[PDB]
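Single chain ahead, written as structure tokens, the form deposited in one PDB entry.
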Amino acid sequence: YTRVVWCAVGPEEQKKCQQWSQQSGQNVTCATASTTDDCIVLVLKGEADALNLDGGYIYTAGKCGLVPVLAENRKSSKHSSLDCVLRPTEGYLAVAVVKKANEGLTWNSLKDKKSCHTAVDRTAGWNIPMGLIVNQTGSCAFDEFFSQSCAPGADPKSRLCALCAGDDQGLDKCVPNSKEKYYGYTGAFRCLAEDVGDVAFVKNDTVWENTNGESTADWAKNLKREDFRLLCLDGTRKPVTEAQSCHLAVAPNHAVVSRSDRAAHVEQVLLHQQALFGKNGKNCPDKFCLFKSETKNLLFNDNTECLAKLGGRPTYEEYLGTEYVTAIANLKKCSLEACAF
């Protein structure tokens, strides 16, 4: 039993996974696919064991019978005595971010603007903002709301992909993987930072992690926090320090999923793998760090302190929360219970 097959999304995650595989002495090995959905399918077929997923994807995986195993836990300021692995998770803040210099843009004037999204089907990047927009407009035509977008996973010829840039060669425009310039938390924030889009749908952490010298990357080197504003649901604009009072939702943390039959073994191996290559890992600083990838958030978010135990042995619905689950279901009525594959 003692061999885990991880699923990497796109070639950059594949490279990191391969490095992890070498360092783990083949206790972990690698399968790779072009999209998160394709990785879920590999897991369903039994051709991979597990991968770490945004909540929108957990919904897809869970409808197909896959179960939550361990959750990303970032640093906090409550439960400070408990070990990270045993500390409850707090969830992240889904936000809408704009330029300060884009004056007079508010939640209530987004129609016909230009948007940047992590990917179709993701929590902060898609399910939350598009769910809110569908409800408020009373329309399922969320594909005509913004003039142009980068929403990796959408039809490449459509307005929803028009602002996506693809790779160095301009290949893979709008692919939902790290090859697409504007993919994920960091890519969607870059899309806003470079003024390609008017609004980015990301999380609070993303803004902090890519401003005021936190990044060193060329697009991010020179970005100042005061040059960004958050859009509140009441139509107000706030500094990025006010995220606790100006967010779109609180999201369940990204989490590892697997087949029920493999969950116990995946959990055992991962707890051991992080003891070696996690935050204070025995071999991290030094040989390999599983939670770093120079802000590219590959396999796991770079702000992950550890993978934490769940408790209550939750179903995917209990993990995501009834609130969020119904919000996703309601949104998916635009595009009632079954596996998508």
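The numbering used is simple: start at 1 and walk along the sequence shown. Between two forms, the rigid core is the largest collection of C-alphas that superpose within 1.5 Å. Only residues modelled in both forms are compared.
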Here the number of deposited-sequence residues unresolved in the coordinates between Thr2 and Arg3 is none
Between 46-54 and 311-319, the record assigns the higher mean Cα B factor to 311-319
Of 164-172 and 179-187, the stretch with the higher mean C-alpha B-factor in the deposited entry is 164-172
Entry record, C-alpha B-factors for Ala217, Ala154, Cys116, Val97; the maximum is at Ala217
By the entry's values, the third containing the CA B factor of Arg259 is the middle
Of the three thirds of Cα B-factor ranks in this chain, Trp126 occupies the lowest
Split the chain's modelled residues into thirds by Cα B-factor; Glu294 lands in the highest
Chain-relative C-alpha B factor for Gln26 (record values, thirds): the highest
Chain-relative C-alpha B factor for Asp38 (record values, thirds): the lowest
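The same protein has a further form, the form deposited with a partner chain bound, not shown here; the description that follows concerns it.
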Answer key: of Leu307, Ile40, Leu290, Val67, within 4.5 Å of the partner chain in the deposited complex (heavy atoms) is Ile40
Contact check in the deposited complex: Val98, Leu110 and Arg225 versus the partner chain, with a cutoff of 4.5 Å between any heavy atoms. Do all three pass?
no
Partner contact check in the deposited complex: of 32-40, 277-285, 290-298, 307-315, the stretch with a heavy atom within 4.5 Å of the partner chain is 32-40
- prompt: Hey, in the deposited complex, is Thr60 touching the partner chain, heavy atoms inside 4.5 Å?
  reply: yes
In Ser77, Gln169, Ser81, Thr216, the 2 Å or greater C-alpha shift between this form and the one not shown, rigid core superposed, occurs only at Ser77
Stretches of at least 3 common residues between this form and the one not shown with C-alpha displacement of 2 Å or more post rigid core fit fall at 77-79
